[PDB]
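Chain order of the listed sequences is B, D, E and Z.
For the record, in the first sequence the residue sitting at position 173 is 425 according to the deposited numbering, with numbers rising by one throughout.
For the record, in the second sequence the residue sitting at position 1015 is 1015 according to the deposited numbering, with numbers rising by one throughout.
According to the deposited numbering, the stretch in the third sequence is residues 106 to 257, 259 to 292, 333 to 403, 415 to 473, in order.
For the record, in the fourth sequence the residue sitting at position 47 is 98 according to the deposited numbering, with numbers rising by one throughout.
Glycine included, C-beta positions come from ideal geometry on N, C-alpha and C.
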Amino acid sequence: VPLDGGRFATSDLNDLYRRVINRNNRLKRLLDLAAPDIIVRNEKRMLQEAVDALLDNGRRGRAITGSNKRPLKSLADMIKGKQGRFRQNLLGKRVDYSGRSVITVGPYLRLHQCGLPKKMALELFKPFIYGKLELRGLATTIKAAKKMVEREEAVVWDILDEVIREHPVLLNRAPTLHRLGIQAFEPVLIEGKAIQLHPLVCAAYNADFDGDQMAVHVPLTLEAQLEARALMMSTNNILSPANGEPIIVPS
Amino acid sequence: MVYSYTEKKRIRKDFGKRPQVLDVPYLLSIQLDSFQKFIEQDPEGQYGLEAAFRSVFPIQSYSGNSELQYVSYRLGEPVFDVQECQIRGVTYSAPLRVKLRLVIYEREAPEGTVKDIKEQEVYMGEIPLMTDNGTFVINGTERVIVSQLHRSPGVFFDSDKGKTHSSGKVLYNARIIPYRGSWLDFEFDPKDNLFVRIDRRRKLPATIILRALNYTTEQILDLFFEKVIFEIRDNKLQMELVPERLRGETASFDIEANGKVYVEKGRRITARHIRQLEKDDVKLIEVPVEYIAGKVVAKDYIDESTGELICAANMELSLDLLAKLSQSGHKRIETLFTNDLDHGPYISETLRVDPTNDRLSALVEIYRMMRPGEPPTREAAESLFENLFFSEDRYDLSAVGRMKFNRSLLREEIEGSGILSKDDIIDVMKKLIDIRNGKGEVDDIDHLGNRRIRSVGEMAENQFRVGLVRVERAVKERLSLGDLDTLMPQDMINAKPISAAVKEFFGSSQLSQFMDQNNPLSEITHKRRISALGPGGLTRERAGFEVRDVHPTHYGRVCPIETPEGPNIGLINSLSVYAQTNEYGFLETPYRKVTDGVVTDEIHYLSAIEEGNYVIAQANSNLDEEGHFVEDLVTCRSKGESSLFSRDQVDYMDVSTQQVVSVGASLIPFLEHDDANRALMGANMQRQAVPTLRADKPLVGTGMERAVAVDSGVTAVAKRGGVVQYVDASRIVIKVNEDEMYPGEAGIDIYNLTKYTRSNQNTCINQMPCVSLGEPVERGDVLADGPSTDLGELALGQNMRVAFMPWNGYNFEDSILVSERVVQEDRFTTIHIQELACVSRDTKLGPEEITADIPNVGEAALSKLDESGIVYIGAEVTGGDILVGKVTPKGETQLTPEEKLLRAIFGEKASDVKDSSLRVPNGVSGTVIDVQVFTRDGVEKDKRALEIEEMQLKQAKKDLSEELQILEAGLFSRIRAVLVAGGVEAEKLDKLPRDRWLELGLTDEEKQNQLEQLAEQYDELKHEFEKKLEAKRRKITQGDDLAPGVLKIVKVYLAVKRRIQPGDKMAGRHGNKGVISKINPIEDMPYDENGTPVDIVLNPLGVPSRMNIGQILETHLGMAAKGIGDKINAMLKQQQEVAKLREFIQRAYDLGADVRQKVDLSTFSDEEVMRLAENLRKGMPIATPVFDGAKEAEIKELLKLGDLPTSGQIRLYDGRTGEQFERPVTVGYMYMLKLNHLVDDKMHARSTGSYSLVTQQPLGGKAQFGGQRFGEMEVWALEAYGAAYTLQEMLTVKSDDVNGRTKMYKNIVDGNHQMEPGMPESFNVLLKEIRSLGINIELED
Amino acid sequence: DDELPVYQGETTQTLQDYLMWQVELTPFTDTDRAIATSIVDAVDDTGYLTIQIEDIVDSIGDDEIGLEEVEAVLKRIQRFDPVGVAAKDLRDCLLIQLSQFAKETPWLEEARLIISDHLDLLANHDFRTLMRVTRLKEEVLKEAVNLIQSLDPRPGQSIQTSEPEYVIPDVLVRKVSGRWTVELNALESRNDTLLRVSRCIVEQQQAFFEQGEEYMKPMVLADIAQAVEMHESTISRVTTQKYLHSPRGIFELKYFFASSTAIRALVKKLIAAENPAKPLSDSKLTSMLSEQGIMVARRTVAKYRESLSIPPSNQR
Amino acid sequence: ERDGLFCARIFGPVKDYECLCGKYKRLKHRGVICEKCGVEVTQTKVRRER
DNA sequence: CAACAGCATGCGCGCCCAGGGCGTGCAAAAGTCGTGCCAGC
DNA sequence: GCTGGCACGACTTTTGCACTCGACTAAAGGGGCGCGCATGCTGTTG
């Protein structure tokens, strides 16, 4: 945890190790000194307190510090948290090739499609574009490609269309309650900053247009694209896999 | 009433029937009056600094015979103005100085004092002052401090609602709450025993705390119970009668009263046999012996011969005892009563559970109880006992605590000491037992009687007292054997704890927050807000659902509508309009006084406890010229209720209808027709609107807008008014009337308007002058409009011609389709100014310099910079253009041929310096509106740093020169006047300036008097004015207070206009919101038969389900509002005479039933009427107050005058097909807002960016380029689809698999689209973190 | 722990990180990727230096793999993002940066290849005789040299050193009557008391060394160790950790505890008029110092004036 | 600091194949150890394992 | 007067952000300034 | 023959190294709740 002006400050977990080391060295020093059983006794006490405080700051009372206190955190607290390395590694990675914008209505644009804001793809699809650029021969090297999409002129928008064609994207909203809450679509590039969502699916998403926001994600690979076509496209599932009765119903 | 001046530029039309009595107050006032009472000299000593001085002083040291005292405080004047202080980034405050007398006395000499000495002032800290508007500027930020509403000190009671024991009971517990100190809470057991808790401690017996009071068990029971009596002499056994003390019992034998049986065995216990023995005089009578066996001895009874052993107290008597007490010769025996109906045998079982009733054992029990381990030292007991409550300052409940403690126990005296006493706690236990007995009820914590507000006065005083005690525990050490240096009130006081405590409070604190600076009405509503959170209480998530609810006492105190809709709901409230606060901190609200059945115009402020006793009528009710109610049965409120009462019963009345509603909601037209929740949104949405380039007055409104604007203090208001001498965009001077003036100052008043200025929410603040030139102004008229203000009205959005009808699905759900017109005409275009700062500082490797020139940088990039290196004011800057450049030197490059070769070829190009500069953040844009450049003293800045020096100097010189031109003109008028009497040269005197070198001597009288006065005043004003310019000049050329590790400082401002797109998030007052779905071309819209297309098209289907009908009535009255302005438009455009125009406006204003606005013309004549009419050319601004608003009937009436159809629907035509829509359509002006949510701020998108060192996942958010949490529910949904590859690339390759992210992206660039998944980092981490406990977890193949 | 912005990291990219990213994406064989990874670590934050080539070749442990293979690969690496990258000697740096001028640059291509390829060692001073070597005259050569001087050097565009590493000061020296007065601006308590005593020793240093005088009056750690009776290493440790702040010439004061510094000030005064003679005469200055009473005799005091990147020796 | 938290030797180096003590600086060796310290080179991702 | 079964009180789970905030000697070994010697121009 | 760089010496600077417990007087918080499991004291069965 490096500071604003330099001169690194100690993290939370380090304090526990520093403390244990101090009491370990002091108990060793008084132990090798051949001294009375009272004071080395209190050192045994103090060190069990120290190691037990480095493994769990609970177990008994106070723990913390004079730092503004708070229980601090320990190696136990490094896990089992509402949000932690376990939570981060569990269904919960924060993620890549993603973005998010506001929703508007889609009132042409057939069911399996999705108005995706022009500016916003071009990012999501970067790797893909550079590939095409190197194929056509417009860039011999990666830096060239890179520079032309940075300059974002001309051929690049033309190639973007070619990249996006038939490549299914997937949109996701908010509390995802049921599996419908994420679905997959064929994008259609549209100048704008917002995502146009066809009406009929507004049901499923439980979304109105009062400033709701959608995330967007890009399947890569092949397997993933096919799982998007043959599973999550909105035209596969029109019926609610609870009651069984149609969703998609016009409102 | 002829109004005033700017008001006569546009008068709104009032539809409100009920007359007004009490004017709306200052609104902000609740901030000022607080802090105005915190900075005062008070003789009584309380109320502000005086109280923290008297909270300690004088100090006694340790047996020093010498002490220290203090006398008042006073202040300094603040070094900077509010605008300077805001620019520079300095906190705005002022010095606090105090004169402390020192008294030094001799040792061993009683009352003798050798000497006394005092410093003139000691300087301790700087207390931040408050601006006029309610904010504290702190490090050049506004920061409003929020009022807090906390559980009040005093005595409280609780039933627990018997939701614990599962059997159910009534468990009555009483807590005492001081201002500062420990808490005592007496409770009941399931087995019915009182317990004492101290600071949430495990239960203790009841009689120990009482045992600490030096009361023996005899005094305990005799004091806390009945006395009665019992007497047995030679087996006579006559006991005192107590018929009134018992409402029932079972009689085991015939009771004979004076040789006659009053009640037979098993006879009726009813009041017949009671009064039968009452009316008849009866003395002590004999009773059966078997009845005494259940009674318990009270006082300790011992034989005359032997006082040994048995029967001390709390022992049921036995047949063995009767012989002993009868043989002892004791005639009278005092025993407890204890007959259980209301009464109960409590406090005796507490003695049964009490291990020992001795005092010392109780003190040791509690002393050892406080801290878990403790030796029985006996000193801890004497210390904690006197300390935890009866110390002078340790436990203080103060004045609210003492007062409510007196009224809680029904004591007559409202004054007392701030510390408890024996009889205090004893009486609290008495009332507590009394509640159990059935007599008396509990208190509602939700009641506003029980909840008090603290404001910034009281809180600053708290922290200042804290800070002062931490000084006094130190200064106490100077006389402690610190001996004598004399000179005590200089070195002894350390100002650091005081200052760090005060600026710690205002700086950082839950209740000091950055002010909401978008909207005036956001400002306002921030500065009257009552929060339950903070320091004083309500930690939230644990609060519960009962402090959320509207209680019936919030009636005209808080508001039931304005509240955050978020997960702090009912927690953060807003003061109601006419609400105020007492000296005791309680909310009180006004009422008109009704004597007989006439309503007197005297008003009384009632507190919530005071209010329930009385009867109060309804805000909206009928009435007569005489003042009697029309209807004989009037709906009123009594206590927690409402119902009809007679004319003669009700003594009060509500003043105006605005009382229940807060200012926020007091703005919303037709709020009746709206549902309360939906009203609740829209009140919140008018805050988060955003002021646009040109401010349009709302066309339908409540009348409230003048107050808010001018109160909010965003407008420039004229003091002491008169005719306008000079006008301009940035500046406005008023030549004041001769009437209002301070003699000898003379002169005029100047107003410098603030041009484009970031706000805390990075929006413009801009003032633009309302007044003309050569125009008279009175005090209170607005000279400028702040942003989102028009001629003194609050104008947060724009008016838009709305059509309700579905249109091709573009308005679907809650979305919103708009004509391209709107975008061309630039309404809804809003400015945004953003700050960026560059600072140039001293490193280990030596100093850093700014610009001219840089290594490794093109001329291309440097073309927009200056000689000094800052960008020219005016430049258009995008992307990573260099706003200021700067060089950082590296270490010691010496020798070898290549180093000497690069130094030779390129001239080293300044060598070790690096590229460090102020480049613009990528994806930001805009022109550079201003550059500041604060420097260091003695840096020899030169270059262009001096341009702001000369600029501010010319502005100051030009501003001061005006007073010299006017005063020199007056002196020239006196000199020109005196020369007329004699030696008048006429024109020759005018053509010869500079006194005409005194014009010789003239007469001797004119010589001495005219030369002495003219030359004296002339030289004094010249030398004084030049002296002001020299002092200001010395203030200009200098450099600021600053960190040791910073050399010179530069800041740049940028501005962008942002234009509405389909990400608008537009709303209306009525809880209406949407996005912009599409912008249509003009020909594609629906248009009326005259070809005028609607501006903006909205979806009827909103309106029934949501039940907000303000919308619809707004549209209709809006329609009718434009209509009149269309009549007048068309009329002035045809060059009609003034008379006819006067006739139609007069005829417009006067329409409606009642409506209480009597304005008529003929009072103001010729122009003034043409003025206003041209002012209302664009629509007539009709104003409908909250619950007395305009009826439909009046709207149709108004609307028929405009030759519009009564129904408010009109034929419209399709714009594409040209075909008429079937069915008419509502078209109408509705008044829209644009909310602070814009998609420019929202749209993100990343592909591959920076990660986190641990876990190696992408970063959190936009700006930092998050990627986008793919959370546990989102995985569940994929699993549910059974798509495991998509799920598998989410988890790995595209988050924490490092080798696999690379392989992935390289194959993608090559067109492989294949995964090669690995193992995500974060699992590896986990395995190390579990290995860090003594557990191995390893992966076995 | 998590759910908060702990200082987990940023994962920034340096130049070697970025070059390696650029290698990942180019059509190298299995071996050539090993040579590439072998070269990109050899590169420095300064660009140009790829250090020794034959150690790059020999580092692979023979078995074939000639010099030419590392040479070609090396060129291609030298061609990646920041234009001229690596190479060696600056000459080949400017030849690679000059490799792409678009060839449509008038007069620049040829002339620039002659000047930059060979004879550039004599271009340091000025043109002079070189004008007769290439037969060029007037502004034809001067414009080419304008291009050569317009090139810049290596990389140091990747950088990734946004951290200026500021000083933060420690103790402020408010300047009094042409001197300095301490104020200290800006167990654990025992350590704080020790830091206060170090500030007191700096105040004693104010008494130990004259501020107004050239450089600083010579002092020994035995003076500060005499005042408070503290050990030398302790005082030097306090002054080594913390850095004293003064209105003029603020410094850790570690160098403040008039000796060689006065000689350096005298050397600076000599440097001001030293411009007339490129070779310089610290030995002659040493004779002047001996005449002044310093008794310097071509000593390192003069040599220090003749060192410290002085025109002395380097001009010779 | 040597034999401390954070320390070189155990826990590995600080710069990638460059190590403290200023010797065997790069890639000359897959492994090696200085004479001043126990610094074992090989990459520095090893602060995440050791 | 024995062990056995039940009622009750206390303690630890959950939910959920929440915000940051941060001297005391003496003594053996070594860094550096001074002075002299040797090599380059 | 003169200047600059470096080597050798002295000095004066750097560095060894740590235990007692030191403590110290308050500093405050503070309106959810269920649910369950275990320990402990009481109580009734024989």
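In the structure shown, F1025 of chain D falls within a helical segment according to DSSP collapsed to helix, strand and coil.
When the alpha-carbon of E705 of chain D is set against those of D:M1, D:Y652, D:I11, D:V2, the nearest one is in D:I11.
At least one CB atom of chain D sits nearer than 8 Å to the CB of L195 of chain E. In the DSSP assignment, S93 of chain D falls within the unbroken beta strand (DSSP E) covering 93–104.
In the three-state DSSP reduction, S576 of chain D falls in the strand class (E or B).
Three or more beta-carbon pairs drawn from the region 116–136 of chain E and the region 177–193 of chain E are found closer than 8 Å, and the two stretches are therefore classed as touching.
In this structure, DSSP gives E849 of chain D an extended state, which the three-state scheme calls strand. Non-local beta-carbon contacts of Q352 of chain E in its own chain, meaning distances under 8 Å to residues more than five positions away in sequence, involve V279, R285, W286, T287, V288 in chain order.
Listed along chain D are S1250, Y1251, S1252, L1253, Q1256, each with a C-beta nearer than 8 Å to that of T116 of chain E.
Taking a 10 Å sphere around the C-beta of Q1264 of chain D, we find fewer than 16 other C-beta atoms and assign the residue as exposed. Among the bridge pairs identified by DSSP, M445 of chain E is matched with none.
Contacts between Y68 of chain Z and chain E, judged by CB atoms closer than 8 Å, involve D146 in chain order. Within the region 817–844 of chain D, contact with chain E at the beta-carbon level (separation under 7 Å) is assigned to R841, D842, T843, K844.
Pairing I530 of chain D with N573 of chain D gives a Cβ-Cβ distance under 8 Å.
With respect to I39 of chain D, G48 of chain D sits close: the two C-beta atoms are nearer than 8 Å. Excluding the 5 residues flanking it on each side, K295 of chain D has same chain C-beta neighbours closer than 7 Å at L317, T335, in chain order.
In this chain, the beta strand (DSSP E) harbouring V733 of chain D covers 731–734. Taking 8 Å as the CB threshold, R53 of chain Z stays off the interface with chain E. Straight through space, the alpha carbons of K388 of chain E and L446 of chain E are spaced by roughly 36 Å. Non-local C-beta neighbours of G181 of chain D in its own chain, meaning closer than 8 Å and more than five positions away in sequence, comprise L388, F389, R394, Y395, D396, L397, ordered along the chain. Taking C-alpha positions only, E100 of chain Z is separated from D1341 of chain D by approximately 20 Å. Contact note: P187 of chain E does not reach chain D at a C-beta cutoff of 9 Å; the least C-beta distance is about 10 Å.
It is roughly 30 Å from the alpha-carbon of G1202 of chain D to the alpha-carbon of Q686 of chain D. In the displayed model, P369 of chain B falls within a strand according to three-state DSSP.
Note: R758 of chain D is not bridge-paired with any residue in the DSSP secondary-structure output.
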